[PDB]
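Next up is one chain by itself, shown in structure tokens, the form deposited in one PDB entry.
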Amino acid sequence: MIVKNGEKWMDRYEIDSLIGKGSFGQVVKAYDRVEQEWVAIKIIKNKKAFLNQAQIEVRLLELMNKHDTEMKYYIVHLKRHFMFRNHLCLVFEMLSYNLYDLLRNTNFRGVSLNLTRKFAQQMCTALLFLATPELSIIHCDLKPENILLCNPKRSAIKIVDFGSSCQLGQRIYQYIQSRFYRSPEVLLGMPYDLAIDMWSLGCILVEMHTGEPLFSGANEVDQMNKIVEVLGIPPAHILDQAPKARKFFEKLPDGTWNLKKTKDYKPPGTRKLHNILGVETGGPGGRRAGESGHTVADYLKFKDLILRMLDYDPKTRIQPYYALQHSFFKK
């Protein structure tokens, strides 16, 4: 769809410029003459598939809107929606650039442990809000690109894009999440719950501090191999229940599991998170050596929280309320 700059919609919105494009369609900056403010309009393609996920996005955002609590404000605000020229249009507040752009701006050397902590605390609070029983929303696509600064000067963030989201027990797709941030339970073809967002969050926080993705698989096999390098072979009780366990692993005479090997990865559980983070070696690539708020003690707390977020078992993986009580967040 051609949207010219200066185009006026419905005597209300003046289109200014393109913010960006997705598989869903496009996001434009526009002036709202009624509220007298700038907004972001997400313009959904005139195709059944994209209309259908945007309709789910509108339903889930309107559901959140009716829960007035202290914890709903880490989610982008949907102001309203309308149908225009057979495109579903979602009107949001304007936010700023995304956390991937923040990383690119550091030349992928990563932000400080102190700024990582502020992001972690806001995202844990968002996930606690989505876990509200009457919401039980799984985001399903958390990644740096889907987390926006509220203001280019400041460290407030909001989660965007509920285009892949579902409520608990309303699963549609088996293949979900962006590969780098995809949970073991999704890789293993298992029924998934809100814990897949916490897995993504653990991956995101390590990446925000080191500048690089924790697990950058080129495909699902490579993804599971990179996770295993750091965390070891997933537990037997999980692999025993996993429809796609034999995509990656093999059950052994005595019902233990091992990697299926391909042509020539560090051996299982030997690419240690403590070395990735540089806990005892001045942080990622030693670049934090002697900066304040980057002591071994601060690093150990961060590492402890991440390993609770990257529990293989979605039953025992840390949950948002308990993540917020972790020592990493204690003054």
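Shifts are known only where both forms have a C-alpha. Counting begins at 1, following the sequence as shown. Basically, rigid core = biggest C-alpha set you can superpose within 1.5 Å across the two forms.
Just so it is clear, the following notes concern the form deposited in another entry, a form of the same protein that is not shown.
- Measuring CA movement between this form and the one not shown with the rigid core aligned, the set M71, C150, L231, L115 has one residue at 2 Å or more: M71.
- Relative to the superposed rigid core, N219 undergoes a CA displacement smaller than 2 Å between this form and the one not shown.
- Here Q170 counts as shifted, since its C-alpha moves by at least 2 Å between this form and the one not shown after the core is aligned.
- The pair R171 and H77 separates in the other entry: their C-alpha atoms are at least 3 Å more distant from each other than in the form depicted.
- Between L78 and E70, the Cα spacing is smaller in the other entry than in the shown form, differing by no less than 3 Å.
- Regions that shift between this form and the one not shown, defined as runs of three or more consecutive residues whose CA atoms all move by 2 angstroms or more after core superposition, comprise 47-49, 68-73, 170-173.
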